[PDB]
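Pasted below: my_file19.cif, mmCIF, C-alpha atoms and all ligand atoms.
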```cif
data_work
#
loop_
_atom_site.label_atom_id
_atom_site.label_comp_id
_atom_site.auth_asym_id
_atom_site.auth_seq_id
_atom_site.Cartn_x
_atom_site.Cartn_y
_atom_site.Cartn_z
CA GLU A 2 -54.64 37.66 -7.09
CA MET A 3 -53.31 34.29 -6.17
CA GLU A 4 -56.95 34.03 -5.05
CA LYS A 5 -58.19 35.16 -8.47
CA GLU A 6 -55.87 32.68 -10.18
CA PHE A 7 -56.86 29.98 -7.68
CA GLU A 8 -60.54 30.25 -8.59
CA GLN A 9 -59.85 30.56 -12.36
CA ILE A 10 -57.88 27.21 -12.13
CA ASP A 11 -60.54 25.45 -10.00
CA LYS A 12 -63.28 26.64 -12.44
CA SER A 13 -61.40 25.20 -15.44
CA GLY A 14 -60.33 22.08 -13.49
CA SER A 15 -56.74 22.46 -14.61
CA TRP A 16 -54.52 21.89 -11.55
CA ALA A 17 -52.94 18.88 -13.26
CA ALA A 18 -51.98 20.97 -16.29
CA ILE A 19 -50.69 23.85 -14.12
CA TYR A 20 -48.66 21.40 -12.04
CA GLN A 21 -47.30 19.62 -15.10
CA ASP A 22 -46.25 22.97 -16.56
CA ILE A 23 -44.12 23.54 -13.43
CA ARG A 24 -42.65 20.05 -13.84
CA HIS A 25 -41.75 20.84 -17.46
CA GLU A 26 -40.18 24.23 -16.74
CA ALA A 27 -38.29 23.19 -13.59
CA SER A 28 -34.48 23.40 -13.45
CA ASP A 29 -32.27 20.45 -14.37
CA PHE A 30 -28.79 20.57 -12.81
CA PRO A 31 -26.28 17.73 -12.37
CA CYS A 32 -26.22 15.44 -9.36
CA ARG A 33 -22.86 13.87 -10.12
CA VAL A 34 -21.71 13.37 -6.53
CA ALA A 35 -24.99 11.80 -5.43
CA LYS A 36 -24.57 9.25 -8.22
CA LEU A 37 -21.01 8.18 -7.37
CA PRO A 38 -20.91 4.42 -6.63
CA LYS A 39 -19.55 5.05 -3.14
CA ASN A 40 -22.69 7.04 -2.28
CA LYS A 41 -25.22 4.44 -3.41
CA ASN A 42 -26.09 3.44 0.15
CA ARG A 43 -26.45 7.12 1.22
CA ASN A 44 -29.50 7.64 -1.03
CA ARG A 45 -32.98 6.47 0.07
CA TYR A 46 -34.48 6.93 -3.45
CA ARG A 47 -32.74 6.32 -6.82
CA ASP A 48 -34.69 9.27 -8.38
CA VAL A 49 -34.32 11.90 -5.62
CA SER A 50 -30.86 13.46 -5.48
CA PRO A 51 -29.34 16.80 -4.46
CA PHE A 52 -27.90 18.98 -7.21
CA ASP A 53 -24.14 19.33 -6.82
CA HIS A 54 -24.31 23.11 -6.77
CA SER A 55 -26.63 23.28 -3.75
CA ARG A 56 -25.82 20.09 -1.83
CA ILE A 57 -24.75 20.21 1.81
CA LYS A 58 -21.14 19.11 2.28
CA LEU A 59 -20.19 17.36 5.50
CA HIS A 60 -16.98 18.67 7.12
CA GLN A 61 -15.19 15.27 6.98
CA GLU A 62 -12.27 14.30 4.69
CA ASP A 63 -13.55 10.69 4.23
CA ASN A 64 -16.90 11.22 2.42
CA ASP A 65 -18.62 14.64 2.53
CA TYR A 66 -21.84 13.40 0.88
CA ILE A 67 -25.32 13.61 2.34
CA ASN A 68 -28.62 13.71 0.48
CA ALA A 69 -29.46 17.26 1.54
CA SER A 70 -29.93 20.54 -0.38
CA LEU A 71 -29.66 24.19 0.74
CA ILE A 72 -32.70 26.14 -0.47
CA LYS A 73 -31.45 29.73 -0.29
CA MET A 74 -34.31 32.15 -0.98
CA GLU A 75 -32.48 35.39 -1.72
CA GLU A 76 -35.42 37.77 -2.03
CA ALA A 77 -37.27 36.31 0.97
CA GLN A 78 -34.02 36.19 3.01
CA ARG A 79 -34.68 32.71 4.43
CA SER A 80 -32.78 29.47 3.90
CA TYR A 81 -33.90 25.90 4.52
CA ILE A 82 -32.05 22.60 4.29
CA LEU A 83 -34.17 19.88 2.68
CA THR A 84 -33.03 16.32 3.16
CA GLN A 85 -34.37 12.79 2.93
CA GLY A 86 -35.38 10.75 5.95
CA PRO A 87 -32.06 9.57 7.39
CA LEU A 88 -31.09 5.95 6.69
CA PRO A 89 -29.78 3.58 9.38
CA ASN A 90 -26.21 4.30 8.17
CA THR A 91 -26.64 8.10 7.71
CA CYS A 92 -28.03 9.12 11.12
CA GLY A 93 -24.57 10.25 12.18
CA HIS A 94 -24.18 12.26 8.96
CA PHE A 95 -27.59 13.85 9.59
CA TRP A 96 -26.68 15.14 13.04
CA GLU A 97 -23.19 16.12 11.86
CA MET A 98 -24.94 18.28 9.26
CA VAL A 99 -27.21 19.82 11.93
CA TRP A 100 -24.13 20.62 14.01
CA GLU A 101 -21.96 22.01 11.21
CA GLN A 102 -24.81 24.07 9.71
CA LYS A 103 -25.78 25.52 13.16
CA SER A 104 -29.44 24.47 12.71
CA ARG A 105 -31.77 25.20 15.70
CA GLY A 106 -34.77 23.17 14.49
CA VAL A 107 -35.66 20.00 12.59
CA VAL A 108 -39.08 19.78 10.91
CA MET A 109 -40.12 16.16 10.24
CA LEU A 110 -43.25 15.82 8.14
CA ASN A 111 -43.49 12.01 7.88
CA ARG A 112 -43.74 9.06 10.22
CA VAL A 113 -41.10 6.37 10.64
CA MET A 114 -43.60 3.82 9.28
CA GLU A 115 -46.04 4.82 6.54
CA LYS A 116 -48.32 2.48 4.60
CA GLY A 117 -46.48 -0.59 5.89
CA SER A 118 -42.96 0.52 4.96
CA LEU A 119 -40.05 2.03 6.87
CA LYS A 120 -39.66 5.57 5.53
CA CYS A 121 -37.08 6.92 7.99
CA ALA A 122 -34.61 5.63 10.55
CA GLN A 123 -35.40 6.23 14.23
CA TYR A 124 -32.74 8.92 14.33
CA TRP A 125 -33.65 10.56 17.68
CA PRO A 126 -34.21 8.99 21.14
CA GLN A 127 -37.75 8.29 22.19
CA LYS A 128 -36.82 8.03 25.90
CA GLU A 129 -34.89 10.49 28.08
CA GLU A 130 -32.99 7.68 29.78
CA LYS A 131 -31.88 6.04 26.46
CA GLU A 132 -29.67 8.60 24.72
CA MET A 133 -27.98 8.03 21.35
CA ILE A 134 -24.28 8.16 20.51
CA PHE A 135 -23.27 8.33 16.85
CA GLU A 136 -19.74 6.95 16.97
CA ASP A 137 -18.84 7.73 13.37
CA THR A 138 -19.41 11.50 13.87
CA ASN A 139 -18.70 11.76 17.63
CA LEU A 140 -22.06 13.24 18.56
CA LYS A 141 -24.37 12.56 21.50
CA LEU A 142 -28.11 13.12 21.35
CA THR A 143 -30.47 13.17 24.32
CA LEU A 144 -34.23 13.66 24.57
CA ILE A 145 -34.91 16.45 27.08
CA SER A 146 -38.72 16.76 26.92
CA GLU A 147 -41.71 16.26 24.62
CA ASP A 148 -44.91 18.28 24.17
CA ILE A 149 -47.37 15.81 22.58
CA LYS A 150 -50.41 17.25 20.74
CA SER A 151 -53.14 15.40 18.85
CA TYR A 152 -51.44 15.45 15.46
CA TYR A 153 -47.89 16.71 16.14
CA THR A 154 -45.19 16.54 18.80
CA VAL A 155 -42.46 19.03 19.76
CA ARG A 156 -39.27 17.60 21.22
CA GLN A 157 -36.47 19.36 23.01
CA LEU A 158 -33.18 17.62 22.22
CA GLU A 159 -29.63 18.23 23.42
CA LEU A 160 -26.96 17.61 20.82
CA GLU A 161 -23.39 17.36 22.06
CA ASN A 162 -20.18 17.46 20.07
CA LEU A 163 -18.25 14.80 21.99
CA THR A 164 -14.94 16.18 20.64
CA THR A 165 -15.41 19.66 22.17
CA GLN A 166 -18.20 18.94 24.72
CA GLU A 167 -20.22 21.93 23.47
CA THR A 168 -23.94 21.27 23.72
CA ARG A 169 -26.83 22.73 21.73
CA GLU A 170 -30.59 22.66 22.08
CA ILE A 171 -32.41 21.33 18.98
CA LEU A 172 -36.18 21.64 18.61
CA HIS A 173 -37.89 18.76 16.77
CA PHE A 174 -41.29 19.45 15.16
CA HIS A 175 -42.90 16.18 14.14
CA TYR A 176 -46.07 16.34 12.01
CA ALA A 177 -47.77 12.96 12.49
CA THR A 178 -50.87 13.26 10.24
CA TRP A 179 -49.57 14.33 6.80
CA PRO A 180 -49.84 11.36 4.40
CA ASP A 181 -47.11 10.74 1.87
CA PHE A 182 -48.13 12.12 -1.51
CA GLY A 183 -50.97 13.77 0.40
CA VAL A 184 -52.09 17.04 1.97
CA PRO A 185 -52.68 18.17 5.56
CA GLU A 186 -56.19 17.79 6.98
CA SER A 187 -56.83 21.52 6.70
CA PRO A 188 -55.16 24.84 6.05
CA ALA A 189 -55.74 25.54 9.74
CA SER A 190 -53.86 22.53 11.02
CA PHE A 191 -50.96 23.14 8.61
CA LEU A 192 -50.74 26.84 9.44
CA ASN A 193 -51.08 26.06 13.16
CA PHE A 194 -48.06 23.77 12.91
CA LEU A 195 -46.08 26.22 10.72
CA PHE A 196 -46.58 29.05 13.19
CA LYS A 197 -45.53 26.76 16.03
CA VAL A 198 -42.18 26.35 14.22
CA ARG A 199 -41.95 30.10 13.61
CA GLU A 200 -42.66 30.90 17.26
CA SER A 201 -39.86 28.63 18.46
CA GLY A 202 -37.18 30.87 16.93
CA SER A 203 -35.98 27.94 14.77
CA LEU A 204 -36.38 30.07 11.61
CA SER A 205 -34.54 33.18 12.89
CA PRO A 206 -31.55 34.35 10.80
CA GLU A 207 -29.42 34.25 13.95
CA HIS A 208 -29.51 30.45 13.51
CA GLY A 209 -28.39 28.09 10.78
CA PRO A 210 -31.06 27.02 8.26
CA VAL A 211 -33.89 24.89 9.62
CA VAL A 212 -33.67 21.26 8.49
CA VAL A 213 -36.91 20.10 6.78
CA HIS A 214 -37.39 16.45 5.83
CA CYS A 215 -39.95 13.84 5.07
CA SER A 216 -39.05 10.49 3.58
CA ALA A 217 -37.70 11.74 0.23
CA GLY A 218 -37.43 15.39 1.31
CA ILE A 219 -39.20 16.98 -1.64
CA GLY A 220 -42.98 16.60 -1.53
CA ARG A 221 -44.31 17.44 1.91
CA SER A 222 -40.99 19.24 2.56
CA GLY A 223 -41.46 21.33 -0.58
CA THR A 224 -45.04 22.17 0.38
CA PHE A 225 -43.98 23.34 3.86
CA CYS A 226 -41.21 25.58 2.55
CA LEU A 227 -43.22 27.11 -0.31
CA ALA A 228 -45.99 28.21 2.08
CA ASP A 229 -43.51 29.66 4.56
CA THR A 230 -41.50 31.52 1.92
CA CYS A 231 -44.62 32.97 0.29
CA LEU A 232 -45.96 34.25 3.61
CA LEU A 233 -42.58 35.77 4.46
CA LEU A 234 -42.33 37.49 1.03
CA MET A 235 -45.86 39.00 1.39
CA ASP A 236 -44.90 39.99 5.00
CA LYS A 237 -42.01 42.14 3.71
CA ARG A 238 -44.12 44.77 1.98
CA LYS A 239 -47.60 43.75 3.21
CA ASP A 240 -48.57 43.13 -0.43
CA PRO A 241 -50.21 39.77 -1.09
CA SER A 242 -50.54 40.67 -4.76
CA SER A 243 -46.75 40.81 -5.12
CA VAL A 244 -46.43 37.04 -4.52
CA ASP A 245 -46.28 34.71 -7.53
CA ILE A 246 -46.62 31.24 -5.96
CA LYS A 247 -45.61 29.28 -9.07
CA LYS A 248 -42.60 31.54 -9.59
CA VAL A 249 -41.49 30.95 -5.99
CA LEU A 250 -41.77 27.16 -6.34
CA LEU A 251 -39.77 27.32 -9.58
CA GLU A 252 -37.11 29.43 -7.83
CA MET A 253 -37.01 26.79 -5.05
CA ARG A 254 -36.67 24.03 -7.65
CA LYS A 255 -33.35 25.57 -8.70
CA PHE A 256 -31.93 24.22 -5.43
CA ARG A 257 -33.61 20.79 -5.15
CA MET A 258 -35.49 18.66 -7.70
CA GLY A 259 -39.12 17.64 -7.40
CA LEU A 260 -40.35 20.08 -4.74
CA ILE A 261 -44.09 19.44 -4.27
CA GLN A 262 -44.90 16.06 -5.76
CA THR A 263 -48.61 16.32 -6.70
CA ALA A 264 -51.02 18.88 -8.12
CA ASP A 265 -53.18 18.73 -5.02
CA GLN A 266 -50.16 19.63 -2.88
CA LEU A 267 -49.73 22.65 -5.14
CA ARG A 268 -53.40 23.40 -4.70
CA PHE A 269 -53.03 23.05 -0.94
CA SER A 270 -50.10 25.47 -1.01
CA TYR A 271 -52.42 28.13 -2.46
CA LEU A 272 -55.05 27.43 0.22
CA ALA A 273 -52.48 27.75 3.02
CA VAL A 274 -50.90 30.94 1.68
CA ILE A 275 -54.32 32.51 1.04
CA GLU A 276 -55.50 31.69 4.55
CA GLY A 277 -52.19 32.74 6.12
CA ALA A 278 -52.39 36.12 4.39
CA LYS A 279 -55.17 36.99 6.86
CA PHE A 280 -52.55 36.92 9.64
CA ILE A 281 -49.92 38.77 7.58
CA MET A 282 -52.44 41.52 6.82
CA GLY A 283 -53.20 42.38 10.46
CA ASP A 284 -55.85 39.93 11.73
CA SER A 285 -53.95 38.34 14.61
CA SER A 286 -57.08 36.56 15.96
CA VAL A 287 -56.93 34.16 13.01
CA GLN A 288 -53.93 32.46 14.62
CA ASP A 289 -56.06 31.29 17.52
CA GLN A 290 -58.82 30.16 15.16
CA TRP A 291 -56.27 27.85 13.49
CA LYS A 292 -55.27 26.45 16.87
CA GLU A 293 -58.95 25.83 17.65
CA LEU A 294 -59.81 24.34 14.23
CA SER A 295 -56.70 22.15 14.41
CA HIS A 296 -58.02 20.34 17.51
CA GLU A 297 -54.53 20.08 18.90
CA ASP A 298 -55.70 19.23 22.44
CA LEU A 299 -55.76 15.59 23.72
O1 LIG B 1 -41.30 11.93 1.94
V1 LIG B 1 -41.85 13.25 0.68
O2 LIG B 1 -42.50 12.00 -0.63
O3 LIG B 1 -43.45 14.18 1.10
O4 LIG B 1 -40.60 14.21 -0.36
#
```
Could you spell out this file's structure in structure tokens?
Amino acid sequence: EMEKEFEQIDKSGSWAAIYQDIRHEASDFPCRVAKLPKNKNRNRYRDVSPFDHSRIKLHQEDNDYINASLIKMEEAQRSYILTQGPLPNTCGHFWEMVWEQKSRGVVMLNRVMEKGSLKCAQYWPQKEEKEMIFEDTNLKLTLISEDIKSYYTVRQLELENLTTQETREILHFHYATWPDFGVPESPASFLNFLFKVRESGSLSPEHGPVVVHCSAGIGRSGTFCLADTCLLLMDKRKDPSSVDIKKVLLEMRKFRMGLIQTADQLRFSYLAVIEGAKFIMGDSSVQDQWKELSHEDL
């Protein structure tokens, strides 16, 4: 039915109008804390802020602000934290948030440099022997191993609370070939990456919410979460026709502004959910076809 609607929209060439309708209906809640003068240098983009009601609060008396929202999908029973690419002065806040929220995975959908500009601080160590200490939040971060594929890398990190010496394993899923304001190369390569995150346990309810970010934390991040939530919803009663993609995105936009930034990203979301429904509906072989079609080797 999403498939019926998909074709009816393609036929009439009206993705822009559909997408603008979602823009017009989306929630509008206050972001008063994000706009305090003291938080000016904690925001990467003037027009991308967390709503107060859903923002993540750091557990520090000084300044609890970080540009991060909790997307709590009640019916699907999955939460995500969406956040901007950490700034040079907010890398400590970012890992503090990971620690306090008990996150087991970080999904990064951007590169540090995109189209000639620095979109994200280098907030994790690229070399085992060069670990990072964030003095402001008393955390230590060490690269343990990397699994490098053609278009994405998985990193095993060890995060240590220096105050208590507890250590945690964090999995880092880094999508290297998803252009800003763009789409993945194929449904297959997006779904292949999504299922790699699923298979790591990082999305289990035994863990804190997965942290998803790109540069702004709304476009690519929104696309990733919408696809995942829609597949989970349809997985609950094995009923693809019960999933209203636009309704789900609107429900997500109650927790963070601007989720999915272009009409083609919306269109891609439909493609990914439609293709992923094959797996949800009992065809497990399709998962290996995605791995093949994604060309992840070399
Ligand atoms: O860095 V994003 O523009 O895909 O929110």
- request: Name the residues in contact with residue 95 in chain A at a cut-off of 10 Å, using all atoms listed in the file, excluding same-chain residues fewer than 6 positions from it; report them as a ChimeraX atom specification.
  value: /A:59,67-69,84-88,124,138,212
message: Which residues are near ligand LIG 1 (chain B) in this structure, taking near to mean any atom at most 9 Å from a ligand atom and counting only C-alpha atoms and all ligand atoms? Format them as a PyMOL selection string.
response: chain A and resi 49+84-86+110-111+120-121+179-183+214-224+259-262
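The space separating CA of residue 66 in chain A from CA of residue 127 in chain A comes to 27.1 Å.
Nearest residue to residue 185 in chain A, choosing from A:25, A:103, A:268, A:47 and counting all atoms listed in the file: A:268.
For the pair CA of residue 294 in chain A and CA of residue 150 in chain A, the interatomic distance is 13.5 Å.
Between CA of residue 204 in chain A and CA of residue 50 in chain A the separation is 24.5 Å.
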task: Could you please give me, as a ChimeraX atom specification, the residues of protein, DNA or RNA lying at most 9 Å from (-53.5, 18.7, 22.4) in the coordinate frame of the file, considering all atoms listed in the file?
output: /A:148-153,296-299
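Counting only C-alpha atoms, the residue from A:29, A:141, A:119, A:237 that sits nearest to residue 167 in chain A is A:141.
Restricting the calculation to all atoms listed in the file, the smallest distance between residue 188 in chain A and any of A:295, A:64, A:42, A:286 is found for A:295.
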- request: Fewer than 5 positions away in the same chain doesn't count, so skip those; otherwise give me all residues within 9 Å of residue 201 in chain A, counting all atoms listed in the file, as a PyMOL selection string.
  value: chain A and resi 106+172+196
Would you save the residues from that selection as a PDB file, in the frame of the given file, using C-alpha atoms?
```pdb
ATOM      1  CA  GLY A 106     -34.770  23.170  14.490  1.00  0.00           C
ATOM      2  CA  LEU A 172     -36.180  21.640  18.610  1.00  0.00           C
ATOM      3  CA  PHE A 196     -46.580  29.050  13.190  1.00  0.00           C
TER       4      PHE A 196
END
```
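Residues lying within 12 Å of (-13.4, 11.0, 8.2). Counted over all atoms listed in the file, they are residues 59, 60, 61, 62, 63, 64, 65, 66, 93, 94, 97, 136, 137, 138 and 139 of chain A.
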task: Give me the residues within 9 Å of residue 264 in chain A as a list in words, counting all atoms listed in the file and dropping any in the same chain fewer than 3 places off.
output: residues 16, 17, 18, 19, 20, 21, 261, 267, 268 and 269 of chain A
task: Select, from A:293, A:11, A:200, A:26, the residue with the minimum atom-to-atom distance to residue 247 in chain A, counting only C-alpha atoms.
output: A:26
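With distances restricted to only C-alpha atoms, A:192 is the closest residue to residue 290 in chain A from A:142, A:192, A:231, A:249.
Of the listed residues A:289, A:256, A:174, A:234, the one whose atoms come nearest to residue 77 in chain A is A:234, with distances taken using only C-alpha atoms.
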task: Quick one: everything within 10 Å of residue 81 in chain A, counting only C-alpha atoms, minus sequence neighbours fewer than 5 positions away in the same chain. Send it as an NGL selection string.
output: :A and (70-74 or 104 or 204 or 209-213 or 222 or 226 or 230)
Contacts of residue 228 in chain A within 9 Å, all atoms listed in the file, excl. fewer than 4 positions in-chain, as an mmCIF file with C-alpha atoms, in the frame of the given file:
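Written out: out-v9.cif:
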```
data_model
loop_
_atom_site.group_PDB
_atom_site.id
_atom_site.type_symbol
_atom_site.label_atom_id
_atom_site.label_comp_id
_atom_site.auth_asym_id
_atom_site.auth_seq_id
_atom_site.Cartn_x
_atom_site.Cartn_y
_atom_site.Cartn_z
ATOM 1 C CA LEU A 192 -50.740 26.840 9.440
ATOM 2 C CA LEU A 195 -46.080 26.220 10.720
ATOM 3 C CA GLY A 223 -41.460 21.330 -0.580
ATOM 4 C CA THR A 224 -45.040 22.170 0.380
ATOM 5 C CA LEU A 232 -45.960 34.250 3.610
ATOM 6 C CA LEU A 233 -42.580 35.770 4.460
ATOM 7 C CA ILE A 246 -46.620 31.240 -5.960
ATOM 8 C CA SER A 270 -50.100 25.470 -1.010
ATOM 9 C CA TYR A 271 -52.420 28.130 -2.460
ATOM 10 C CA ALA A 273 -52.480 27.750 3.020
ATOM 11 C CA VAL A 274 -50.900 30.940 1.680
ATOM 12 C CA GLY A 277 -52.190 32.740 6.120
#
```
